[PDB]
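Next comes just one chain, in structure tokens: the form deposited in one PDB entry.
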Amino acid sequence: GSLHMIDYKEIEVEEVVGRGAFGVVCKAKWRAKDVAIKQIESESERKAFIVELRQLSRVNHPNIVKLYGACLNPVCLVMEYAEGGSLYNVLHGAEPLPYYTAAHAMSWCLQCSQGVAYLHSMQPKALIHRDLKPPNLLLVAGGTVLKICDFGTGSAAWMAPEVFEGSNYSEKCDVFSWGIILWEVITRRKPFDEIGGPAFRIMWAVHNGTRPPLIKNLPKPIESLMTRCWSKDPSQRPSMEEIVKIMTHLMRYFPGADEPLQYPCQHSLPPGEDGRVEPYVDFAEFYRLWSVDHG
């Protein structure tokens, strides 16, 4: 629980790259280092911004964004620069989009659950992220390593129904989100894109039972996990610790996650029947590797 202190005058700020729950994130330089910083856009944000430092001073984990230091001259946080930027951008952003594999898809989710599991295990009190979604998931090391940010804080497509119903919630809201992200990286589709209108239309939908469509040829181990994560009832969702364990196990069947994203991709988006959709990733190699171990 300590924060390295930075003089703001020794930072050279550059173009905007993000905006989280509050503040604004920019590309910047600091001691000849490529860097991200978030600032307060308004003096009114001073208080929330201080709480986030008190949490981030305590966290420390490979799948959470490295906070280099901070400053109070004007109040600001200095982080590592995710060259890849947002997972949202990688999946859905401007062209050219990178090619990625099932192995990448699962490795990303594994890494996210590892990050959240750490948060959930925090003492004296668990940190709940509350806003898990690809815009908050940053990539480094050539698309290989995923890192969480904007935690302890257009979100409706990843929000557990008990949250937006204003009711009591817990760690399990993050598990719902994670279930949605899993679907998203396997399909490379925006959840509830075809619903649209404002967020309340998605909230009504999800509240009333609606989930993303099922995925043609999805392995059942993964399908059962994903859909347990989506349960209306939070107590029916697995814990993140369990998701980590499961996902660690499945990675046996997904080699190649260490390969950097380097191939462009011009995939079209072929709409399924309306009931089921096709995955973007290919599970053929999973089914083959699985056969060698089992039947």
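Heads up: residue numbers just count along the shown sequence, starting at 1. The term rigid core refers to the maximal set of C-alpha atoms that superpose within 1.5 Å between the two forms.
- Among other deposited entries of this protein with both flanking residues present, at least a third omit coordinates for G152.
- Compared with other PDB entries of the same protein, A21 is missing from at least a third of those that resolve the residues around it.
- Going from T153 to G154, the model skips 10 or more deposited residues, which lack coordinates.
- For the pair 126-134 and 193-201, the mean B factor over Cα atoms is greater in 193-201.
- Checked against the record, the higher mean CA B factor of 220-228 and 75-83 lies with 75-83.
- As recorded in the entry, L53 carries the highest CA temperature factor of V65, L53, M240, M247.
- Across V281, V277, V13, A284, the entry's maximum B-factor at the CA atom is seen for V13.
- Placement of the Cα temperature factor of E162 within the chain: middle third of the modelled residues, per the deposited record.
- Placement of the Cα temperature factor of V35 within the chain: highest third of the modelled residues, per the deposited record.
- Placement of the Cα temperature factor of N168 within the chain: highest third of the modelled residues, per the deposited record.
- Ranked by Cα temperature factor within the chain, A28 sits in the highest third according to the deposited record.
- Per the PDB record, residue ranking by Cα B-factor puts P234 in the middle third of the chain.
Unshown form deposited in another entry; subsequent notes refer to it.
- Annotation: the position in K33, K232, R228, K245 displaced by at least 2 Å at CA between this form and the one not shown, with the core superposed, corresponds to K33.
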